[PDB]
């Protein structure tokens, strides 16, 4: 089946270059064109360009000079190179398939990829500090106790939070991240039967891909 998956660098510095890949599956690039679209934070969609089956490309004139699209038929990959970044190039970048073989001729973007988030910033990568969130109020609320981990001061996003190496899938909530002075902070919570904790250990596992850092915090009363 028709699938499109983007992969990109995550963090890039102003005035440098951006390269993203669209890996397609379920259709051949020798027969279908692919479009590149971006969505700046709290903005609508903006078309960047298309590469047709035959190799011709067309670009949004506003970008025309800084953008370049190319492909690898055998590899099922489309690439977007974007230069002269400014922080306003921060966006979700999407690839979508081009289609026109309809009953009456018309061009349509029929299947969309899931997107890849690119942060354009001169801010430094900084590993997180992990703190346990324990009830404090150790009074039995009911049968369940809810615990958490505070992931503080990291850049850039994302961070991955797991409980007891994925075992606890049980009402796990990973909240959206807040950004204060270029450092993100997020929390994750887990709900467990109160008869269990602290008898049975609860550990949160945090991974910060950009700093290749892994931290585990055991949550104790």
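Residue numbers count along the first chain shown, from 1.
When the C-alpha B-factors of 25 to 33 and 60 to 68 are averaged, 60 to 68 comes out higher.
Just going by the entry, 118 to 126 versus 131 to 139 on mean CA temperature factor gives the higher value to 131 to 139.
Per the deposited coordinates, the residue with the largest Cα temperature factor out of 39, 188, 196, 185 is 196. Between the residues 45, 179, 159, 48, the entry's highest C-alpha temperature factor is the one at 179.
Ranked within its chain, residue 96 lands in the lowest third, by CA B factor from the PDB record. Residue-level temperature factors show residue 78 in the lowest third of its chain, judged at the C-alpha atom. In the PDB entry, a CA B factor belonging to the lowest third of its chain's modelled residues is recorded for residue 207. Among the modelled residues of its chain, residue 55 has a C-alpha B-factor that falls in the middle third according to the deposited record. Sort the modelled residues of the chain by CA B factor and residue 90 lands in the lowest third.
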